[PDB]
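Engineer: One structure, as structure tokens, below. Some questions next.
Reconstructed Cβ throughout: ideal geometry from the backbone, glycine too, with neighbour counts over all protein chains shown. Each answer follows from the model by the rule given with it, or from the source it names; no laboratory read-out is quoted.
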Amino acid sequence: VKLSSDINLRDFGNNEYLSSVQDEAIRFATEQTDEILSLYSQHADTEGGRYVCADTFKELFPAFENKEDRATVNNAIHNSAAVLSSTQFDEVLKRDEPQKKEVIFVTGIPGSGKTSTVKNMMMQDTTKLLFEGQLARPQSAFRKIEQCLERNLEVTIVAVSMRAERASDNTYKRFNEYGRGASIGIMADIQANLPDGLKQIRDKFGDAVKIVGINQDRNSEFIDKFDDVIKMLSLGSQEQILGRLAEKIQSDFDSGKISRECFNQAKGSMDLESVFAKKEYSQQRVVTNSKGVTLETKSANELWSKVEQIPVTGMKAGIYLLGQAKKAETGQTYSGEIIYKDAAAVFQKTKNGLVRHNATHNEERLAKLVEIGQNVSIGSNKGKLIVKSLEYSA
Amino acid sequence: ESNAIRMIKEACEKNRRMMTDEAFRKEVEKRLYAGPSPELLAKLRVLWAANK
Ligand SMILES: CC(=O)N[C@H]1[C@@H](OP(=O)(O)OP(=O)(O)OC[C@H]2O[C@@H](n3ccc(=O)[nH]c3=O)[C@H](O)[C@@H]2O)O[C@H](CO)[C@@H](OP(=O)(O)O)[C@@H]1O[C@H](C)C(=O)O
């Protein structure tokens, strides 16, 4: 039994370790396919190999044995695990079983309770195959759905859905126990593009495929009609979700709610500084006074309302439009009082107006080095931050 | 309605039962993210060790 397709290599660059784990994974999956699939079916918790899933296949690789190594090796072994799942999908379909007529696809953002929902399904006499996987980039699922329709099988797609933030909290707990969580990059990419992929699938196949949803924010509410499924899943763009997730994982690390290892697996390959710099403060301002600072947003009606208040002492009165702040040019020193700070940006009043720094600078955290109301100079000498206090009494 | 659509609805009920019943939620989440069993891990070690 050969693999159904070639395993795509990723470029790991100068990381010699992951580059070698990838090759040992591809070698294993290619050469021991018969014995791997046999162990998947007959021995793992997979309904005799009818529950098909790339994540369950990772457990059969030697690199994935230790809990400590799972977050690190995942991207190196994934494609081998995914192609083994595709091979397994095909082998289940080859079994001549007239009684078994139904194929179920489960999809959705990581940490939405897809696998817990699959455990809570009871197998039936008519159930042939259950496949857990992403359909946001549905090109590979077209080949799968195509084969089901060739054999007159009834295809159903279940799109499980949840807020990115609540989903991210579930992946943290999974990481601390299991050893694998999920990157924000892939969580945002799946959730933002899942409506496109389902719509794409719908146009291609029509009533042959049945698409339903589960809203986990409304106590696992079943959603029968396709138009309702699209409304549930339409939870923002990829830029927005990635933006909100980048701020969340950073805030959670700064506050001491998650560890550095949990932060790093969630971060993944993302350059967070680049995400934070894309954030807009266009309809936003900060009002300062003796009591403290107050963040306000303006709505379409042109009414300012209070978002957040931070008590601070020793500040004079002022109104600062955050959307009109000058971006700090690298290799220059900006001196003045910090008027507002958040997970993405640091806002400093200089003598040449309001200036905006990214809260991260080459993986060094600027935000924690300054306090709102504090008078500082911020400059960067050759990719290394220089923050000096300018506070005095005279 | 098909058997698959009924299967999904009955799964949605047990998702609601996880929120109230805490003993039920722990027994589900125990199995899922444990790892390979001792039986399967014995087989795997032979498979890995035989092909280096
Ligand atoms: C997008 C991605 O890389 N991973 C995600 C995807 O896996 P998947 O197995 O569906 O991802 P594909 O690589 O897109 O595979 C889909 C199909 O593409 C063909 N293929 C794939 C690779 C290749 O080299 N060659 C090739 O032909 C093959 O037919 C395969 O069945 O969906 C899972 C279930 O939601 C996610 O796991 P959880 O949400 O449970 O955490 C997983 O993301 C978690 C966080 C993680 O990755 O750790």
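Engineer: I need a count of the residues in the range A:81-112 that are within 14 Å of chain B (Cβ to nearest Cβ), part of a loop (DSSP other than H, G, I, E, B), surrounded by 21 or more Cβ atoms within 10 Å (Cβ to Cβ) and not hydroxyl-bearing (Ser, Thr, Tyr).
Structural biologist: 3
Engineer: Can you name the residue in the range B:1-38 that is at the interface with chain A (Cβ under 7 Å from one of its Cβ atoms) and more than 29 Å from A:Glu221 (Cβ to Cβ) and is also surrounded by the fewest Cβ atoms within 10 Å (Cβ to Cβ) among such residues?
Structural biologist: B:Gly35
Engineer: Out of the range A:62-89, which residues are under 17 Å from B:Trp48 (Cβ atoms) and within 13 Å of the ligand (Cβ to nearest atom)?
Structural biologist: Passing the criteria: A:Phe64, A:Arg70, A:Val73, A:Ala76, A:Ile77, A:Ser80, A:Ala81, A:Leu84.
Engineer: Among the residues of the range A:137-155, are any under 24 Å from the mean Cα position of the chain (by Cα), under 30 Å from A:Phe276 (Cα atoms) and in contact (Cβ under 8 Å) with a residue 40 or more places away in the chain?
Structural biologist: Yes, the range A:137-155 contains at least one residue that is under 24 Å from the mean Cα position of the chain (by Cα), under 30 Å from A:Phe276 (Cα atoms) and in contact (Cβ under 8 Å) with a residue 40 or more places away in the chain.
Engineer: Something else about it: How many residues does the range A:135-164 hold that are over 24 Å from B:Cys12 (Cα atoms) and either of a type in the set (S, T, N, Q) or outside the structural domain of A:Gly236 (by CATH) (or both)?
Structural biologist: Residues that pass the stated criteria total 4.
Engineer: Right, here's the next one. Go over the candidates A:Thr56, A:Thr33 one by one and state the one that is within 12 Å of another protein chain (Cβ to nearest Cβ), more than 9 Å from the ligand (Cβ to nearest atom) and closer than 22 Å to A:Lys119 by Cα.
Structural biologist: On inspection, the qualifying residue turns out to be A:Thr56.
Engineer: Ok, one more. What's the total number of residues in the range A:289-308 that are surrounded by 13 or more Cβ atoms within 10 Å (Cβ to Cβ), under 32 Å from the mean Cα position of the chain (by Cα) and not aliphatic (A, V, I, L, M)?
Structural biologist: 4
Engineer: Further question on the same structure: Can you tell me how many residues in the range A:331-388 are small (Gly, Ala, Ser), out of contact with any helix residue (DSSP H, G or I) (no Cβ under 8 Å at 6 or more places or on another chain) and part of a loop (DSSP other than H, G, I, E, B)?
Structural biologist: Of the residues in that region, 3 qualify.
Engineer: Okay, moving on. Based on this model, can you work out whether A:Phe263 counts as surrounded by fewer than 19 Cβ atoms within 10 Å (Cβ to Cβ), over 16 Å from the mean Cα position of the chain (by Cα) and outside any loop (DSSP other than H, G, I, E, B)?
Structural biologist: Values: surrounded by fewer than 19 Cβ atoms within 10 Å (Cβ to Cβ): yes; over 16 Å from the mean Cα position of the chain (by Cα): no; outside any loop (DSSP other than H, G, I, E, B): yes.
No: the conditions fail for A:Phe263.
Engineer: Oh, and also: List the number of the failed condition for A:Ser112; all other conditions in (1) within 10 Å of the ligand (Cβ to nearest atom); (2) closer than 29 Å to B:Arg45 by Cβ; (3) of a type outside the set (A, V, I, L, M, F, W, C) hold.
Structural biologist: (2)
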